[PDB]
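Same protein, same chain, two forms; see structure 1 and structure 2 below, as structure tokens.
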Structure 1
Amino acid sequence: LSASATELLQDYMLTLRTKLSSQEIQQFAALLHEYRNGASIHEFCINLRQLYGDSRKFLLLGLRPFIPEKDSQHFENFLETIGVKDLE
């Protein structure tokens, strides 16, 4: 884990602490843990979208480097599809 990845991780955790409610933190922890234990990237994206909707764009963009290589393309397609990079 590089120094830059370390920085990104710290930044992400801080942003989570600043932005999310206890409930949101619990839900994200749950769905992320499910994905970590072997659940599909598809279900991960569904759960993320159900959690954030069109909001929390920063937190979705920040996940991209963390997505495993084999699931990265699906995640990018997801972000592009739901319009995370589209402000208006």
Structure 2
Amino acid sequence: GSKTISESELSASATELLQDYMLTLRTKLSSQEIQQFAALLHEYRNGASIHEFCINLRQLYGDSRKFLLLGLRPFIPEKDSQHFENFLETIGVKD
């Protein structure tokens, strides 16, 4: 929640992954869309539920770009990871 800085916010390795993920997004998303992503990640880290985060990601990315959601795994803390895997399986995205 908002009162807890999560593992990925404190991990240099996860941060390297975040920076590269953002560069990767440029290939499929517009600048305005990447702004929405940033807003969504910020909302999640600020306490939005994992469900709310996932639903908003899915509607932003759309069916044709949902594969990009796999790359968010490192930013999901332990408590929310099973929910996130469930989400990925539900929308037909898998490694």
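One-based numbering along structure 1's sequence throughout. Residues that one form lacks are left out of the comparison. We call the rigid core the largest set of C-alpha positions that still match within 1.5 Å between the two forms.
Once you line up the core between the two structures, the Cα of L79 stays within less than 2 Å of where it was. Fitting the two forms on the rigid core leaves the C-alpha of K57 displaced by at least 2 angstroms between the two structures. After superposing the rigid core, the C-alpha of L9 moves by 2 Å or more between the two structures. Core superposition places the C-alpha of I46 0.5 Å apart between the two structures. Core-aligned Cα shift between the two structures at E24: this is 1.0 Å. 1-11, 16-20, 55-59 are the runs of three or more consecutive shared residues whose C-alphas all shift by 2 Å or more between the two structures after the rigid core is superposed.
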